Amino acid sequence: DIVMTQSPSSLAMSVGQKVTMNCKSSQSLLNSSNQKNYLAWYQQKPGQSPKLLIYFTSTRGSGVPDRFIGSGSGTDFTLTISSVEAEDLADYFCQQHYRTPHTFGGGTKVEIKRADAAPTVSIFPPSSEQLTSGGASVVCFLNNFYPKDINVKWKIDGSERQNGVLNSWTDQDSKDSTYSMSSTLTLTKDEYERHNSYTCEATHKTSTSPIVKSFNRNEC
């Protein structure tokens, strides 16, 4: 099969900078009948299907802005974003449509650099519906922060709790380029009722002091 080698695997640029992706083909993709190199670029924004960004090496697909430039010939191809916008964060795949079996490249993940942003932390006690079923989940939302590296420590009556915590990160936001995190502490109802103070502590690069949000069971 034709081997498509894509570099780099990942890039991070701030809005306004030039993005450059390279794609190497193992053999020529030139069709002597129409003098067109059968190289295609696909854009896959998080949570969406791929979109035909470029085909025939340099022809833009429908609804593709002018900042997306396909170039190259022979066995060396390049996708350039002349000035990257915040919405352009996605995985970019090059593909030869020259000879079947068609083959994709490894992909280049494009990330957006932005200024540092502290998270806004919200804590939530278990619901009445869950406590009836015998469970008790304590959720902690950490929204709109950058960079993605963040840590959450749970405290139950002044003692750190490591078991029963599940974390999840969103994809980088297409508008403000921030991340958001969801931390869930799951206990049994009997364990939850045996303690009073529950805390999630957010430690981020923005502050040496952790961001603390807590609630007491004996409160409202």
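Counting begins at 1, following the sequence as shown.
Handout entry: 9-17 versus 196-204 - which carries the larger mean C-alpha B factor in the record
Key = According to the PDB entry, the answer is 196-204.
Exercise for the section: Decide which of the stretches 127-135 and 77-85 has the higher mean C-alpha B-factor, going by the entry. Expected result: The deposited B-factors put 127-135 ahead on the C-alpha mean.
Practice task
Would you mind finding, among 36, 189, 45, 60, the residue with the largest C-alpha temperature factor in the entry?
Solution key: In the PDB entry, the greatest C-alpha B-factor among 36, 189, 45, 60 is found at 189.
Problem - Within-chain third of residue 169 by Cα B-factor, per the entry - result: Its C-alpha B-factor, which the entry lists for residue 169, ranks in the middle third among residues of this chain.
Exercise for the section: Divide the modelled residues of the chain into thirds by Cα B-factor and specify which third, lowest, middle or highest, holds residue 41. Expected result: Its C-alpha B-factor belongs to the lowest third of this chain's values.
Practice task
Within this chain's modelled residues, let me know which third the CA B factor of residue 2 belongs to: lowest, middle or highest.
Solution key: Middle third of the chain for residue 2's C-alpha B-factor.
Handout entry: residue 140, C-alpha B-factor rank within chain (lowest, middle or highest third)
Key = Highest third.
Practice task
Tell me, lowest, middle or highest third: where does the Cα B factor of residue 153 rank within its chain?
Solution key: Highest third, going by the recorded CA B-factors of the chain.
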